[PDB]
Amino acid sequence: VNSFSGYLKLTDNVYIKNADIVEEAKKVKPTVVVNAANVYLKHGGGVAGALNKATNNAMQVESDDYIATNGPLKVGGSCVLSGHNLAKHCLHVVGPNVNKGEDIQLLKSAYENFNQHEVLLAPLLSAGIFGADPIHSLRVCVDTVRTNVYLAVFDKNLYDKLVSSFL
Ligand SMILES: CC(=O)Nc1ncc(S(=O)(=O)NC(=O)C2(c3ccc(Cl)c(Cl)c3)CCC2)s1
């Protein structure tokens, strides 16, 4: 039993809610919240901009130190950093950005990072300003993630389309 409430069950291990990931993280304080990161951990917009804003830019400060020490992530890769006021940990995961011309096949590799964590609050990878088809992202999620994932979708219109098209 966990504290995630108001989720539709899609499969044995995948759940989906119409919720702002920022507010869901603040409410639940999950062990892991996933960020829709880029390789430079520059949290300017989309999910990342919103999560970082909610940390009062502390996520960005921590991220800049991480990059100065370690260099950029790989597309499809991830790192674990602090969750600040939102979660114990933040798993920064880099899905491919279609608007940069990046390989959509890397989406499966990106979701594989979730399997290193027993339970996660997450957005759909490569959705929104990353330019992928969110229905495809949900399919890859369900077919790749084996741990317990709670997906938060802000847009009600999108959420209903995701539910109504799910096989
Ligand atoms: C604060 C914040 O951004 N919180 C998020 N939680 C979850 C998400 S998301 O990754 O599911 N993206 C979305 O819902 C979209 C969206 C459409 C319209 C608006 Cl107004 C917003 Cl904010 C987001 C982008 C693709 C639909 S963004």
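Residue labels reflect position in each chain's written sequence, counted from 1, rather than necessarily the entry's numbering. Residues lacking coordinates are not shown. Note: side-chain values were computed over all heavy atoms of the structure, leaving out hydrogens and water.

Per the PDB record, this model was obtained through X-ray crystallography at a reported resolution of 1.0000 Å.

Under the PDB entry, the name given to the protein is Non-structural protein 3, and the source organism is Severe acute respiratory syndrome coronavirus 2. In the PDB, the structure is listed with the title "PanDDA analysis group deposition -- Crystal structure of SARS-CoV-2 NSP3 macrodomain in complex with CACHE3HI_1879_22".

Enquirer: Got a sec to walk through the overall build of the protein? Specific residues and values, please.
Expert: Every helix listed is a DSSP run of H or I at least four residues long, and every strand listed is a run of E at least two residues long, numbered separately from the N terminus. Helices and strands together make up the secondary structure of the protein, namely 6 helices and 7 strands. What you see in the protein, going N to C, is helices and strands ordered as β-β-α-β-α-α-β-β-α-β-α-β-α. Considering only C-alpha atoms, the protein reaches an extent of 45 × 35 × 30 Å along its principal axes. Looking at the protein as a whole, 50% of its 167 residues qualify as buried. Sequence separation of 24 or more characterises 66% of the internal contacts of the protein that already satisfy a separation of 6 or more. In short, Shrake-Rupley with a 1.4 Å probe defines the accessible areas, and a residue's cover is counted only from the protein chains shown. Summing over all exposed atoms, the protein offers an accessible surface of approximately 8,100 Å²; the carbon and sulfur share of this is 52%. Charged-residue counts in this description rest on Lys and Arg as positive and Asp and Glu as negative, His and the chain ends being excluded. Here the site of a charge means atom NZ of a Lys, CZ of an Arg, CG of an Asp or CD of a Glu. Side-chain charges of the protein comprise 15 positive and 15 negative groups, with the mean position of each set lying 3 Å from the other. Relative accessibility under 20% of the residue-type maximum defines a buried residue, over 50% an exposed one, and the middle range a partly exposed one, all with a 1.4 Å probe and only protein chains included. Whether two residues touch is decided by their heavy atoms; if any such pair falls within 4.5 Å, the residues are in contact.

Enquirer: Which residues make up the environment of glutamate 62, and what values do they have?
Expert: Here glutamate 62 lies in helix 3 (residues 58-70). The contact partners of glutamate 62, leaving out residues within four places of it in the chain, are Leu81, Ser82 and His84.

Enquirer: Account for the side chain of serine 63, naming residues and giving values.
Expert: Relative to the helices and strands, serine 63 is located in helix 3. A distance of 2.8 Å separates a polar atom in the side chain of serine 63 from the backbone oxygen of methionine 59. Ignoring any residue separated from it by four or fewer positions in sequence, one finds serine 63 in contact with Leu41, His43, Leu81 and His92. Contacts described as polar in this section are N or O atom pairs within 3.5 Å, which, within protein, must combine one atom able to donate a hydrogen with one able to accept it, while residues neighboring in sequence count only if both atoms come from side chains.

Enquirer: If you had to explain the site of the ligand to someone new, which residues and values would you point to?
Expert: For this purpose, a residue is taken to be near a molecule or strand whenever a single non-hydrogen atom of the residue falls within 4 Å of it. Taken together, the neighbourhood of the ligand is formed by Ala19, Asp20, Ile21, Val47, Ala50, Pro123, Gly128, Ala152, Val153, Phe154, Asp155 and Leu158. Taking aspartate 155, its main chain carries an N or O atom lying 3.1 Å from an oxygen atom of the ligand. Cavities and pockets are defined on a 1 Å grid built over the protein atoms alone: a cavity is a set of grid points where a 1.4 Å probe fits but cannot escape, while a pocket is an open set with protein on both sides within 12 Å along at least five of seven lines, and lining residues are those with an atom within 4 Å of any such point. Each molecule is assigned to a cavity or pocket provided more than half of its atoms lie within 2 Å of the corresponding grid points. Its atoms largely coinciding with the cavity grid, the ligand occupies the largest pocket. Broken down by secondary-structure element, the contributors of at least two residues to the shell around the ligand are helix 2 (46-54) and strand 7 (148-153).

Enquirer: Any details on the packing of aromatic side chains? Residues and values, ideally.
Expert: Pairing of aromatic rings covers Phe, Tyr and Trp, the last counted by its six-membered ring, and requires centre-to-centre distances within 6.5 Å; plane angles under 30 degrees mean stacked, over 60 mean edge-to-face, and any other angle means tilted. Here the structure, examined in full by the defined rule, presents 5 aromatic pairs. Summarising the aromatic geometry, the rings of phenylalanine 4 and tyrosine 150 are spaced 4.0 Å apart at their centres and angled 5 degrees between planes, so their arrangement reads as stacked. Pair noted here: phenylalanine 4 is in the segment before strand 1 (8-9) and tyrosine 150 is in strand 7, with a separation of 146 residues, a long-range link. For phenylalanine 4, a relative accessible area of 14% corresponds to the buried category. Three or more aromatic residues joined by ring pairs make a cluster, and in this case those are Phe4, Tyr7, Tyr15 and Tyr150.

Enquirer: Help me get a handle on the pairing of strand 7, residues and values and all.
Expert: Strand 7 sits mainly inside the fold: 5 of its 6 residues count as buried. In short, DSSP must find at least two bridges between two strands for them to pair. Here 5 bridges tie strand 2 (residues 14-18) to strand 7, and the two strands are oriented parallel to one another. Within the sheet, the bridge partner assigned to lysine 17 lies in strand 7 and is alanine 152. For strand 6 (residues 119-122) and strand 7, the ladder comprises 4 bridges, and the chain directions are parallel. Opposite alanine 122, over in strand 7, you have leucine 151 as the bridge partner. Here, the term right-handed applies to a crossover whose path from the first strand over the helix to the second runs clockwise when the strands point away from the viewer. Since strand 6 and strand 7 lie parallel, the crossover through helix 5 (residues 134-144) that links them has a hand, and here it is right-handed.

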